[PDB]
Each structure stands twice: as C-alpha cells, then as structure tokens.
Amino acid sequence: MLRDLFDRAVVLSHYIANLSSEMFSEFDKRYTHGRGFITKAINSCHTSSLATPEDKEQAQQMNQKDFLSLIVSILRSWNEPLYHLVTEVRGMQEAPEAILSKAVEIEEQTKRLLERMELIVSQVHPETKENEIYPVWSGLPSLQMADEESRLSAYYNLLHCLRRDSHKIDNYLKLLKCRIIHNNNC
C-alpha cells in the first residue's frame, strides 16, 4: 500500500532533515561560530561525485526508477559516517548532550527510512536489478585528528554535508510522492 509507505517515509525524511539542520546550528554556535570554517566546507561532501538533480526541471527530467535508486544510494552512503559520528562523540568523556542526542536519533531514523525506501522500490519496481553502488565516505581519520582546529573543521564539514543531503533526500521524496501517487497534482 504505496500511500501509507510514502506518507511514513516523508514523515521520517522531513524529521531527519529538521534534526540535521538543528544539530548543525548547535554545533556551529557552540564551536565554530567565530572562524573561517564555512570556507573550508566548500566542495567537501562525499556524495558530490553523484549526479543529482539541482533544480525542478532537472528533477522532472529524471525518471522515477533512477530517482528512487538515487535516494537509496544517498541514504546507504550515510550509514558509515553516521555510525562513526555517534561512536566518536559518545566515546568522548565530555560529549555535548544536545549534539549527541540528535546524532543518535538521526542514525536510527535514517535506517528506518532506508527500510521504507526498500519497500517502496519493491512495490513500484518489483524487478529491478538489485544494484548496490554508492559513494564511499572515508573521512574517519580527520574526525580522529589530535589538532583541535582541524578536528572541528572535519566535524563542521560532516554536519554541513549531513544538513544538505538530508534536506535534499526529503525534497526528492516529496517530489516523488507527488509524482507517483498524485500525477503531480499535490
């Protein structure tokens, strides 16, 4: 039942997007507010290499099966950095409680969304080649650096990239809901 799945997926995506935005703001205001972190964020996202629609017309040009598989690859690619974010931060003797709490919910909620999306793909495209290819994140040594400024910069970039990709996946899923269920008459 597509409509219940899509409604649940969109609840989860919108919720994740909002939590990632609030996490990044809290980290920014607490640790990076006064400094040139934004300049070092430029071009730093592990999912950049993916070919993703950047405006409405590109989105409209993308067929639904490739679109769904795009969302799935993005989500699959975030499992690794979210796991290490939570591990690294939880293992600090004095972790920021508001930051840790959000990271842990985004980690658990992202899994649930990916489970919904896999259900959506099985209903809508029951015989796709089950093809796993997604971009690899490998930024763990930089979160691990002893240099405090390089460290906070690596965290800044991960949280900036997370805020971006969560918003993007939420927007793509809202578009696809309208397209698939409502023929673009939301």
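All residue numbers are counted from 1 along the displayed sequence.
As the entry records it, the average C-alpha temperature factor is higher for 14-22, out of 165-173 and 14-22. Relative to its counterpart among 37-45 and 61-69, 37-45 has the higher mean temperature factor, C-alpha atoms as listed in the PDB entry.
You'll see in the entry that, of 106, 85, 98, 75, the Cα B factor peaks at 98. Ranked by Cα temperature factor within the chain, residue 94 sits in the highest third according to the deposited record. Residue 160: CA B factor in the lowest third of modelled residues in this chain (values from the PDB entry).
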